[PDB]
Structure formats: C-alpha cells, structure tokens
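Quick reminder, even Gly has a Cβ in these numbers, built from the backbone with ideal geometry, and neighbours come from all protein chains shown. Bear in mind these aren't lab numbers, they're just calculated from the coordinates by the rules spelled out.
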Amino acid sequence: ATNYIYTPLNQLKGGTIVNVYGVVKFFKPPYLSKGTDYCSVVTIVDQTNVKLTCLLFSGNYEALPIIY
DNA sequence: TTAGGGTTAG
C-alpha cells in the first residue's frame, strides 16, 4: 500500500530515496544546463523551517513538476 | 555529466 513517513528535511541524507513535503521558498524555471537536460532549481522548506535543495533535470519542461 | 539560488550594464 502507498506509504510516506514525512520527516524534517534535514534527515534526508545522501543516497536516500524519499517521500517529502514543503513550500517552495525559491525556484528557477526550467533552463538548459551544459548537459542535455533542462535543469530546474528548487529550494523547499517544511513546517519545521528546515530546508532542502532540489535539482530537477529533464530534456523539456512538461516532464518536470508544475510550479509557478 | 551538467548544476548545486542571489542581480546587468544590454
């Protein structure tokens, strides 16, 4: 069954595959990086004010999460 | 792989 243990973002260590929640404190719209994939940058914050950065890579915009 | 948020001088 579907499950998610939302936990303060600081606990999300490298190599871990996680299910999370947060407000977007800052983000860049999808832009083409040196690589082949457009990179969208997102800074997210949870209810405990803890932060996480996300780099969302895709060859196009539509494949990425929808944020405005 | 890249990038991995913060002012151009147009």
Which residue pairs have Cβ atoms closer than 7 Å, lie 6 or more positions apart in sequence or on different chains, and pair a first residue in segment A:31-46 that is touching a residue at least 24 places away in the same chain (Cβ under 8 Å) and small (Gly, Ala, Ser) with a second residue that is assigned to a strand (DSSP E or B) and near DNA strand B (Cβ under 6 Å from one of its atoms)? A:33/A:39
Residue that is nearest to DNA strand B (Cβ to nearest atom), among those in segment A:5-24 that are free of Cβ contacts under 8 Å to residues at least 40 places away in the same chain, of a type outside the set (S, T, N, Q) and within 21 Å of residue A:58 (Cβ to Cβ): A:22
Say whether the condition of being of a type in the set (A, V, I, L, M), more than 16 Å from DNA strand B (Cβ to nearest atom) and either surrounded by fewer than 13 Cβ atoms within 10 Å (Cβ to Cβ) or on the phi < 0 side of the Ramachandran plot (or both) is met by at least one residue in segment A:26-40. no
Can residue A:53 be described as of a type in the set (S, T, N, Q), within 15 Å of DNA strand B (Cβ to nearest atom) and touching a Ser or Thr at 6+ places or on another chain (Cβ under 9 Å)? yes
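Each row is one residue, and each column tells you yes or no for (1) under 28 Å from residue A:11 (Cβ atoms); (2) touching a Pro at 6+ places or on another chain (Cβ under 6 Å).
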site	(1), (2)
A:24	yes, no
A:31	no, no
A:36	no, no
A:45	yes, no
A:50	yes, yes
A:54	yes, no
A:57	yes, no
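Could you go through segment A:4-24 and let me know if any residue there is among the basic types (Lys, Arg) and surrounded by 12 or more Cβ atoms within 10 Å (Cβ to Cβ). Give the derivation first.
Quick first cut of segment A:4-24, residues among the basic types (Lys, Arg) only: A:13.
Still in the list and also surrounded by 12 or more Cβ atoms within 10 Å (Cβ to Cβ): none.
Looking for residues that are among the basic types (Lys, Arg) and surrounded by 12 or more Cβ atoms within 10 Å (Cβ to Cβ), one finds none in segment A:4-24, hence no.
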Provide a single number: the residues in segment A:41-66 that are loosely packed, with under 12 Cβ neighbours inside 10 Å and in contact with a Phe, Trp or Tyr (Cβ under 9 Å, 6 or more places away or on another chain). 2
